[PDB]
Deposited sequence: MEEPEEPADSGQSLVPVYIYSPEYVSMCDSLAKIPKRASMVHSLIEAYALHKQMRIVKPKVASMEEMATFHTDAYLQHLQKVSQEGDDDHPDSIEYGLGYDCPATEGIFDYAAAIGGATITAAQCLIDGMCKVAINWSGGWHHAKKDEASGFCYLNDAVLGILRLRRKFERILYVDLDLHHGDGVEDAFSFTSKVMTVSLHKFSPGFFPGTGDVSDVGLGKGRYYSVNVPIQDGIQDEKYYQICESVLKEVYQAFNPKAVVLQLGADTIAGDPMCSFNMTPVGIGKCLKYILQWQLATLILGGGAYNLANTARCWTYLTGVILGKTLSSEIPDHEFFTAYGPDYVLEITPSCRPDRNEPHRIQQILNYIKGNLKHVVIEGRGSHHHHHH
């Protein structure tokens, strides 16, 4: 039975210092309104210790972050932000611990996925890279970890953490366009040194929809699985790809993301599920509730059930999201060229 990382205090903490308010409450409240929590093993998250956070971040960065939370320019830098970051990092580590111990094959921290943070630098509103911390916890048991990042943005912090190693392969599908954050992650970015070809990047343009996205994702993950043979997976599912997000870049629905998730779940590997960037509150809850249903194999009712935040689901009050009427800017020949480039990189793996 999947593990669901959750406590009322954790959700309150996540919404107190969140970049987007009440997002954690709405996601959990919708999952609860669909009664999906009854089909999962609810595990209270522990708070990450200083030593656990220092598995990736430097002592100087963690000490400075802890002080200002009580030369910030140097570390890419709010009251209480350190306890917030330690709570989210501890939640992802707790999920990874559940996977190590064989408590489950899928463990979910929807409030995690803060993929931009570097060892000594906050970045992209990420003060602590819980995805890296979770991978490093999984490295206690699993020899090869696959990190898949389906956020709108390039998972640069996670890729940079493992750029020099072949024990962790990072795969990011993201918007890539001059001026678009964080600006890295071209298909030519393949890692460095012993990690060369163990970073995979799929640059994508505005307006992609469910069918073409899944064709790209399935093609990449199929070749990655055969070449890399991962023993565990960490999957980042930032909902800022979803139609109606203020980012207004991709044109996805949770159904397309869900097919990517299903393809990974079929591998039967230990799988750590994370959230990520997401800026439409109601659509974020829609997406991650639906994806929770996919994890559980359950079909959900279309009408948003009556619950605390029902009035936020206008004007339609249904779970389904409709794509926006705007163009797909992705040229099929550019996409194929990217797929050819990646296939050639993975022959080296």
Which runs of the deposited chain sequence never show up in the coordinates?
-> 1-14, 85-91, 99-104, 377-389
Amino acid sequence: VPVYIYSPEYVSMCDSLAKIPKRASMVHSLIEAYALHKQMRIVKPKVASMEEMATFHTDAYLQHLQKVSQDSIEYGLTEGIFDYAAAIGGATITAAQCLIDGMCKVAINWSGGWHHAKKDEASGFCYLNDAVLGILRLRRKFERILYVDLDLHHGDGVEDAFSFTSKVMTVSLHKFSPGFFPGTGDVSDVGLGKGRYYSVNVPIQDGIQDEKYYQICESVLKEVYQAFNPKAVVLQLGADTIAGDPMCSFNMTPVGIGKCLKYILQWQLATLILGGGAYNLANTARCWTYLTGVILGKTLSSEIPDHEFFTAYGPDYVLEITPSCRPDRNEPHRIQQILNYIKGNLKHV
From here on, numbers count along this sequence of modelled residues.
Looking at the deposited entry, does 278-286 or 33-41 carry the larger mean Cα B-factor?
-> 33-41
Averaging only over Cα atoms, indicate whether 220-228 or 126-134 has the higher B-factor in the PDB entry.
-> 220-228
In this crystal structure's PDB entry, the residue among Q266, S111, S249, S199 with the greatest CA B factor is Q266
In terms of CA temperature factor as recorded, identify the highest of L65, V318, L291, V27.
-> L65
What third of its chain's C-alpha B-factors does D151 belong to: lowest, middle or highest?
-> lowest
Cα B factor band for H116 (lowest, middle or highest third within the chain) | lowest
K259 - Cα temperature factor, lowest/middle/highest third of chain | middle
Would the CA B-factor of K194 place it in the lowest, middle or highest third of its chain?
-> middle
Using the B-factor values recorded in the entry, state whether the Cα atom of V158 falls in the lowest, middle or highest third among the modelled residues of its chain.
-> lowest
